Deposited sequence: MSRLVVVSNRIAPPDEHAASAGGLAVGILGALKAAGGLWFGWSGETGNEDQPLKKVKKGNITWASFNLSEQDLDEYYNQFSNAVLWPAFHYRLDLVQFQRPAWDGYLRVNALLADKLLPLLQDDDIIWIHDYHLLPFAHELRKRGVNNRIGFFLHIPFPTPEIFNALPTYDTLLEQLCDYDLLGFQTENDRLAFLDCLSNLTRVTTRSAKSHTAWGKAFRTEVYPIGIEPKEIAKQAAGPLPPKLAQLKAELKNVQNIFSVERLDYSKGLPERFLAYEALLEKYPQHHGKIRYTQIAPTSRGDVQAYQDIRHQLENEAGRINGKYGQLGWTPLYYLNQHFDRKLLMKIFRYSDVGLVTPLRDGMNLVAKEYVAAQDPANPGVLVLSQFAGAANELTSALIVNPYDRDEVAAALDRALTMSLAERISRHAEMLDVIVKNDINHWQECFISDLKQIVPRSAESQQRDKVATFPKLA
């Protein structure tokens, strides 16, 4: 029937896949406005689709969003226990708004609707709804990694989370290892029955699990990359190594600066002839662990440039700013090397967008972290372990001097994979699998 999409924020990107499914049918996109202060539920309609937003109180945002989502789940799911900041009033807050959002979404549902829930903010949502009587087919997709038991079981509230996740009919993950980790955690807590492959029972409750590796829109990226500057006419001499991501400790930005320093240290042949540009807009800047990383990068930029810089050559361009998506695609195109080395990442679309944006007759080289979800598919990238800075240095030198013949063959294999598994292929696979599920 109608498709109901629930996510932390709505867009009146992840957008194209969600908007895509919800267009092939229509329905509702329900989510928080992204603003605060106190009100009746706001709606905007455009054909078969409606957008539904709502505000949050200051205290509710703090406990649920700033604290539990961003200071407990985010760090823990990225294998950063040292960074989790669990307090009880935050866990209560996270339950309270999940419940509240079940209330608000109640007068809008219809008995044959399908329901698609997105991401770590809404883990207890299936539970809140089923408590309020809903029996519709409910699917969940987790965009970030799912951690092994040894990490997950450290959450003081891990057993509740596991119980509630089982109130979904379908659980979708970015990779196979995420799927197994979730099943591993459950198995530690309770007995699980695998009737047949990817169909399960625990505490009597029934549910299915599957891997849906999220992708991009290859044709669209190609268009904006090829679009219509003086800097380019000036730099036919300098090869550009380029990185872009949110300023987040999962991304391993300081380890990246250290690998670049290592390149400059052990490969003097490149002095004056290469540049590294890192774009990193501020994200979640009111959490302490984020401010920590931000000051580190300021210091590291100042230090590396001060050491290796010359009167007419600045080795490192660090820009703490947001750039528009279309512009970035063009930058990908003229960049000789794409540096994507996160410490832990659900997928990382940046790595996919980089390959999609390349001129296929003269493509740049992708250097990719083994811990990004994308490493499972993009096997023709230069795969690296970011904890070995000298290996990342070695790979960067390898990428800078790679013959056009090898550049083309790696790039084509990777573009092949990205084409087959589009954003549209992603969203169709989820919705189809969700439909085959028999409701209770």
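- Missing from the model, relative to the deposited sequence, are the stretches 1, 14-22, 49-50, 241-245, 458-474.
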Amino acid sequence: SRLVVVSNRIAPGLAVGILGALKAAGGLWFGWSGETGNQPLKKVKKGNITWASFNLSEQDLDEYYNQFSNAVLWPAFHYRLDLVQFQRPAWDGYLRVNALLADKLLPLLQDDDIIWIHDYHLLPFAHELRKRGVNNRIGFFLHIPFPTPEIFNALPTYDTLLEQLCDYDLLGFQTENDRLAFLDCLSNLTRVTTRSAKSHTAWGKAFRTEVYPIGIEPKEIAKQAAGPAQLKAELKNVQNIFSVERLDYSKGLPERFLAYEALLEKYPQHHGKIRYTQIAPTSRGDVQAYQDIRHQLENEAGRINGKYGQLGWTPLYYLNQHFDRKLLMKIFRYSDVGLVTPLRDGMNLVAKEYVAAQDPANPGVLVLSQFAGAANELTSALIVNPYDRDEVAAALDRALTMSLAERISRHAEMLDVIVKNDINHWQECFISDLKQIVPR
From here on, numbers count along this sequence of modelled residues.
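- Mean CA B-factor, 19-27 versus 416-424: the higher value falls on 19-27.
- As recorded in the PDB entry, 195-203 is the stretch of 252-260 and 195-203 with the greater mean C-alpha temperature factor.
- Note on the listed residues 361, 106, 351, 180: the highest Cα temperature factor in the record is that of 106.
- The PDB entry assigns its highest CA temperature factor, among 176, 298, 111, 159, to 111.
- When all modelled residues of the chain are sorted by CA temperature factor, residue 51 is found within the highest third.
- When the modelled residues of the chain are ordered by C-alpha B-factor, residue 45 sits in the highest third.
- In this PDB entry, the Cα temperature factor of residue 129 sits in the top third of its chain's modelled residues, the highest group.
- The deposited CA B-factor of residue 167 belongs to the middle third of values across its chain.
- Residue-level temperature factors show residue 33 in the highest third of its chain, judged at the C-alpha atom.
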